[PDB]
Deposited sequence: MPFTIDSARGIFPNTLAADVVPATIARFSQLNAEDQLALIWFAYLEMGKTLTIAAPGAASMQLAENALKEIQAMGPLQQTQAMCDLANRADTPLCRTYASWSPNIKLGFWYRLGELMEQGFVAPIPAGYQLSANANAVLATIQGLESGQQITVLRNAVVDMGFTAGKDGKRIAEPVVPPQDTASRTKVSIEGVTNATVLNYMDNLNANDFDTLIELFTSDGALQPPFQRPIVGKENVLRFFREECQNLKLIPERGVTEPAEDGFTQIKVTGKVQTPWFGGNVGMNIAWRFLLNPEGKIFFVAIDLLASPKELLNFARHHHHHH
């Protein structure tokens, strides 16, 4: 088999494909409506969910771009934001596209604060969304919180126009303070070491669990193939997560492989314990126990656990 055919293991797993569906609809909207829709979603979400502050290093990396926008007149500030949403080719859009997701998120977090305070051009008073935009926002507001925050993050990541700029790599958790996960039905050492090393930010140990040609598929993304690319992804995008696997099932696969499905919850440091995303992991292990393929799926509902 191939990496691409391994994408088919456990085909009964119902992923929350409403998320990429909603992003596709969002992406069709007029840029000002995209910005207003997210503003509306963010303000209403903020009534029950508090977003964690961006990290200090992230803010320093975005500081020069933020200062440039803040110095513009209001019409130019709005144009710059529309440029990002339209994916226009401008210097600002190219800088934005060089950033990791967390830096992009912290950039918009700060702009949102400044818009609330009146120091950056706000969405116009009394703005009404287009017919298509209003329906997109309705869909978002009917989703589970874990799906709502995934829509927002994906919309942020998709902006700008395509070096790589990321936050510094955090030191792994010291061994004496690490916790160990417990998974009903699953004692497989590779799966357990995967969860535990990711929870400890121990990416150098984590990557050694993979085959040389192995791949990791994040939710609604294509597989990331090979140790170099997977390790880069861990270091740039996978810091400070909390994986809470609950239960799993283990089955033989072709050629002496083993396939394992685990379900549980994951927390992002942007929301902490206030949002638990419903997640499945689908592992395909070679005869020596190395990870040939692992897919991480956002599940359609808690009924998929």
_Taking the deposited sequence as numbered from 1, list the residue ranges that were left without C-alpha coordinates._
1-2, 165-169, 313-323
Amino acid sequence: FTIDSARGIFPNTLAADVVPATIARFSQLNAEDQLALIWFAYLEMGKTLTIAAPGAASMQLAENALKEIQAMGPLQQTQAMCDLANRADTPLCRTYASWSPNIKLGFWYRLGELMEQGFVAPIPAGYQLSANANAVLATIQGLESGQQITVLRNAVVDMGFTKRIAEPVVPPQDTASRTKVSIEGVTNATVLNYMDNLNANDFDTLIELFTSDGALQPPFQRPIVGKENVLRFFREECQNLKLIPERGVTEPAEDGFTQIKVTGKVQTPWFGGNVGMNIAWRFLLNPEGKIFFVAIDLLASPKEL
From here on, numbers count along this sequence of modelled residues.
*Identify the stretch, either 133-141 or 226-234, whose C-alpha atoms have the larger mean B-factor according to the entry.*
226-234
_If you average the CA temperature factors as listed in the entry, which stretch comes out higher, 286-294 or 12-20?_
286-294
_For the CA B factor values reported in this entry, which option in 152, 85, 75, 105 has the top one?_
75
*In the PDB entry, which of 48, 267, 258, 278 has its C-alpha at the highest B-factor?*
48
*asked:* Going by the CA temperature factor in the PDB record, which third of the chain does residue 147 belong to: lowest, middle or highest?
replied: lowest
*Within-chain third of residue 188 by Cα B-factor, per the entry*: middle
*Considering only modelled residues of the same chain, in which third does the CA B-factor of residue 112 rank: lowest, middle or highest?*
middle
*Taking the entry's C-alpha B-factors for this chain, is residue 194 in the lowest, middle or highest third?*
lowest
*asked:* Using only modelled residues of the chain, where does the Cα B factor of residue 200 rank: lowest third, middle third or highest third?
replied: middle
